[PDB]
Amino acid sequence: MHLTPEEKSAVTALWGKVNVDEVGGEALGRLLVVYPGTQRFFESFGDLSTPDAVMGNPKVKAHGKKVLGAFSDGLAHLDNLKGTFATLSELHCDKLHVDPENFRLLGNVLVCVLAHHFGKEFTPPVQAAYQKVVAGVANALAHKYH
């Protein structure tokens, strides 16, 4: 995770404007709509048959908040992503059996959501810094797989 000081500031600046609850819901919902394969892990969530069923599903919304909350906390520890996510890594591998490729898909969808919410302000350089962050989080979440 090679982040320059000005990348780190850029990432932090913007994130301060993010309503994590809302963006969490939007990012998880979009993952399940755009990449329906990811629905294999959420069959207990009820109806995911159409976009409105997914996006407005209270369980998808609650899970989105939990996911992005952990992600925010990760942004407070950019210099130790691996330690920060170690127990979540193990959980995702041994208990949930989630193929880590899904972490990369969520990261990209999160980038589209950030662009959607911020428009202009999500300049090419800000996007580049966020691409590094989502890749690092994805790699940290995969690190304990065995």
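Quick note: we count residues from 1 along the sequence shown, nothing fancier.
When the mean C-alpha temperature factors of 44 to 52 and 60 to 68 are read from the deposited coordinates, 44 to 52 comes out higher. Looking at mean Cα B-factors across 114 to 122 and 86 to 94, the upper value is held by 114 to 122. Ranked by Cα temperature factor within the chain, residue 142 sits in the middle third according to the deposited record. In the PDB entry, residue 26 places in the middle third of its chain by CA B-factor.
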